[PDB]
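Here are two versions of the same chain, shown separately as structure tokens and labelled structure 1 and structure 2.
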Structure 1
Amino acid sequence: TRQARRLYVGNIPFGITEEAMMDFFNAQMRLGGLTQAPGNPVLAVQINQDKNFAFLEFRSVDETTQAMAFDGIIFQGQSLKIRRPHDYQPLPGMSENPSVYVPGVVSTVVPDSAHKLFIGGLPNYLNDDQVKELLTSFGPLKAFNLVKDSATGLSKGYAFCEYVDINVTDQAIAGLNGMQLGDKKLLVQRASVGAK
């Protein structure tokens, strides 16, 4: 069950220690009501600092599944990308999906869909949190991801999102499309319009 007790965490803050990561996840699990016993659900964290990802190892299969609900949680300004290990196979009788929701956590999985938005021309100094806030002003998000350079971690200045309310999509477009920001001008439109 080892692969059923591990999770990939991407887009981690630069410089983060394994201990700081563990403390963060153990605290969040407890604060969210996801921890299923006294003591720490996260036993270990292994960070690859060079490639910018971590793996968490949990004490139980069920707590691992619950922790998938933290996908997109902001940690030091960054949207943590939480995913199953690629070799994870659901075991027989165990659920693969978190039965819980974490208030205010916005998933980073933004499937192509009718009202998925593209937001281009963002100033590259804005972090994941600030871009998410910009979009949240119009209404609650179902999903969001800001695209970064995979090697340097710097923003590429464009993002994708999906609002909870499909009708907020056109409100965000009206409020942001064409906004001039220095030498940049926001392009805000359904992602289907310009996808390659």
Structure 2
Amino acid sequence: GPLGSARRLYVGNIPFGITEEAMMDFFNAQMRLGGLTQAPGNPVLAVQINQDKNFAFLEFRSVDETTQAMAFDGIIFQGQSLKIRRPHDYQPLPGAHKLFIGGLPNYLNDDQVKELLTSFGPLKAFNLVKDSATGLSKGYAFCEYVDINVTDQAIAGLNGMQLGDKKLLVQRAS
């Protein structure tokens, strides 16, 4: 981004032979029947198809409607479960999905704590808070996953779970 790609969605696994027009009517219709539309008129302004690789990019009129349409991820359209994602170029703003990791054993080093988190997917940021005078760990860390949907799954996979004699706390750092 940082602000680029705000009003477009990738749509994967589109039906064979489908038209930009039918795609448009379909997503326009869903936005309306789902009550995700936030004003009179069509939220999707345009649809670009790559017939060869079977995906499309939707172009929305507004920022929030782009986000809401993500709730259609999975929707079946002519027998086909659509894969709806953000454009590759789209980034959330830094520390939007920053995580707190509490209840880590204090003898474990950076790489060793990273291991637990890297399990769920790659990180764009991480820091295990230490006592700088000694170098010894305080038992808590912060991180951010590169893919951003990974954030919730790491919480579900770690929050409240057991790690030694301690119980891990994983949550949005705000």
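Each form is matched to the other, and the largest set of C-alpha atoms that superpose within 1.5 Å is called the rigid core. Numbers given to residues start at 1 and step along the sequence of structure 1.
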**Request:** Pick out the one residue among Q46, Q36, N167, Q49 whose C-alpha shifts by 2 Å or more between structures 1 and 2, once the rigid core is superposed.
**Result:** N167
**Asked** Core aligned, does the CA of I74 move at least 2 Å between structures 1 and 2?
**Response** no
**Request:** Once the core is aligned, please say if the CA of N11 is shifted by at least 2 angstroms between structures 1 and 2.
**Result:** no
**Asked** Honestly, after the rigid core fit, is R59 moving at least 2 Å at Cα between structures 1 and 2?
**Response** no
**Message:** After superposing on the rigid core, how much does the Cα of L141 shift between structures 1 and 2, in Å?
**Reply:** 28.4
**Asked** With the two forms matched on the core, what distance in Å separates the two CA positions of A27 between structures 1 and 2?
**Response** 0.3
